[PDB]
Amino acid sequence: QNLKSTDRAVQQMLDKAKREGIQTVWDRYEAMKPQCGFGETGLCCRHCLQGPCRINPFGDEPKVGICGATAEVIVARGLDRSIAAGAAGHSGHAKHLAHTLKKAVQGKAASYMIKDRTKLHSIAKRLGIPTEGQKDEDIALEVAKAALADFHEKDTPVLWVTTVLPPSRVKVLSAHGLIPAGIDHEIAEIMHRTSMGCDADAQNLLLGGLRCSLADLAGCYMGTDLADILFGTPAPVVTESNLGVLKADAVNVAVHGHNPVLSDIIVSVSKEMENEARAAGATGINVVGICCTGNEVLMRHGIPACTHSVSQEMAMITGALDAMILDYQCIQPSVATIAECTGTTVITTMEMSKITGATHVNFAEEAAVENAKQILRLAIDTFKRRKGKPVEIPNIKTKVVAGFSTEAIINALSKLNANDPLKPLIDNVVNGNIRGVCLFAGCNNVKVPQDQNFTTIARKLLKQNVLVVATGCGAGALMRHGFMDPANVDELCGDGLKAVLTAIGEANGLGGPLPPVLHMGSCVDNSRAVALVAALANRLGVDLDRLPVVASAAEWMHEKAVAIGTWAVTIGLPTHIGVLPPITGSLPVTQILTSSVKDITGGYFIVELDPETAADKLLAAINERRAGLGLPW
């Protein structure tokens, strides 16, 4: 089971699932080998009914699609559609929050409100929305209307691109026509240009994809902005992660998916309903998090993370998981089947995200508290059905310090230098106590032993004094292996990194260092890391493609992560990817994405499947930037 997952709680539940006969994601993967080489390399097209068309990676015919599409067109078209699909996910999430804020400040959804008035005012100021003399409700109404307006063409480009990056970066991107005109506009134009008998030039296609990845960036940043206004900007919190956060004696409720508009209410309402839970014989309601919506309520409220990504089924295998409350994105549809064996109530809540066999509760912001009570009563019913049964909850869990928004990080640094908070961080880069910054992002992937690339690369970078930040299931992996525990700084961090983490933590009254890895939130909260990097570039007066900053999608899976990986490159970052995207069937395309893009944006993809080699390549990339700034290394 140790070739499946490096998580010990996960290995325990794999043994249970095996002997109970519950098929898992690793079983379904096994039943799928050997996988199709055509798809794996991207030499397959089904964009019309003359297809499917395949091209042999090597050898004789077929060498070309039926319409004449070459290998590089087919490969670039497929990649473009994954970027567009990822943008569509991050944009739908952000759109839903834009409507929720509009509804709230029009008096249409009283469960929702402007919780972070400071953030609302900086966002409105960043957008050129006038604040002085206006009600908060009116400023927020303007901000929501600007959010919705970035989805279509208008007099301006997408403001959640052009106002969040340094003007020098906006200029480099404009010169190549990469600035999105509208979020859903770019998504549609990609689907258009990649359909049969349209765009058939690899460079033209990939330039369209870079622009569409920036539409994804805009969706990510807008999602983070709106969630912070609605639900509070994260600040440092202490909690726990992994399966031992389940409690056999409580109604255990998992919030699972990506959009917190739902789960944040569940967190609030579940406290209300503790007495109703005690009456059925529970200690209370134990809300826990899965995937990125769990990270949302982890960053804001300190809700313990139960599990992530490829291993989500394992939470139900315990037999303790009474309800699993789903919005959308990255939910294995297998949970609906597996619940018939485990007793779990699987509840979908979102109109466009249903799973056959799951209970659906039609959630409306106008009725959020009504719906949350309805949902938590079903969980309480489910606990009663198992009241008495034996559960197997692995007694495994780690301590997690999280909540490192960009504002929290700046505030933390401001305790060493009140008037120039970025300077202490930069000073320690210059003198070498911080070699550079690495952002770990993205999913787990069944092809990679769970968390193996994340921890291996993280261990090597930290020993080399890299400041490591993390998001999404990359944060999930690092946290479940103790990387968000300050007590492991001594083991994990090099002396220079140790000193800076200790100096910052001691100055924030903790008598102890910051955690070895800074948890910056969910997948859309990759935009937080953009805000920090942009702030550092602006403070040093250079473009982002000169900073010693890199990214690692170490075990990535989802179309969202392809989009994220692609705008990481487009804003100027060397960007490591740990699972091959379907690109190797075309060397010209591979050459564009790993080398030639450097001359366009200054970022590039680093393809490397072996995590030790990946760490070396990421340190090289970081050290190359240091030398480019004239620093020692």
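The first residue of the sequence shown is number 1, and the count goes up from there.
Engineer: Should the higher mean CA B-factor in the entry be assigned to 33 to 41 or to 601 to 609?
Structural biologist: Looking at the record's C-alpha B-factors, the answer is 33 to 41.
Engineer: Can you tell me which stretch has the higher mean Cα B-factor, 346 to 354 or 275 to 283?
Structural biologist: Comparing 275 to 283 with 346 to 354, the higher mean C-alpha B-factor belongs to 275 to 283.
Engineer: Kindly indicate the residue among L378, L165, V466, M557 with the greatest C-alpha B-factor in the PDB record.
Structural biologist: The listed residue with the largest C-alpha B-factor is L378.
Engineer: Looking at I331, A218, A563, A368, which one carries the largest C-alpha B-factor according to the PDB entry?
Structural biologist: Spelled out: the listed residue with the top C-alpha B-factor is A368.
Engineer: Among the chain's modelled residues, which third holds the C-alpha B-factor of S527?
Structural biologist: According to the entry, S527 has a C-alpha B-factor in the chain's lowest third.
Engineer: How does the C-alpha B factor of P513 compare with the rest of the chain: lowest, middle or highest third?
Structural biologist: Highest third of the chain for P513's C-alpha B-factor.
Engineer: Using the temperature factors of the C-alpha atoms in this entry, rank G302 within its chain: lowest, middle or highest third.
Structural biologist: It belongs to the middle third of the chain when residues are ordered by C-alpha B-factor.
Engineer: State the tercile, meaning the lowest, middle or highest third, of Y112 with respect to the CA B-factors recorded for its chain.
Structural biologist: Middle third, going by the recorded CA B-factors of the chain.
Engineer: Among the chain's modelled residues, which third holds the C-alpha B-factor of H152?
Structural biologist: According to the entry, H152 has a C-alpha B-factor in the chain's lowest third.
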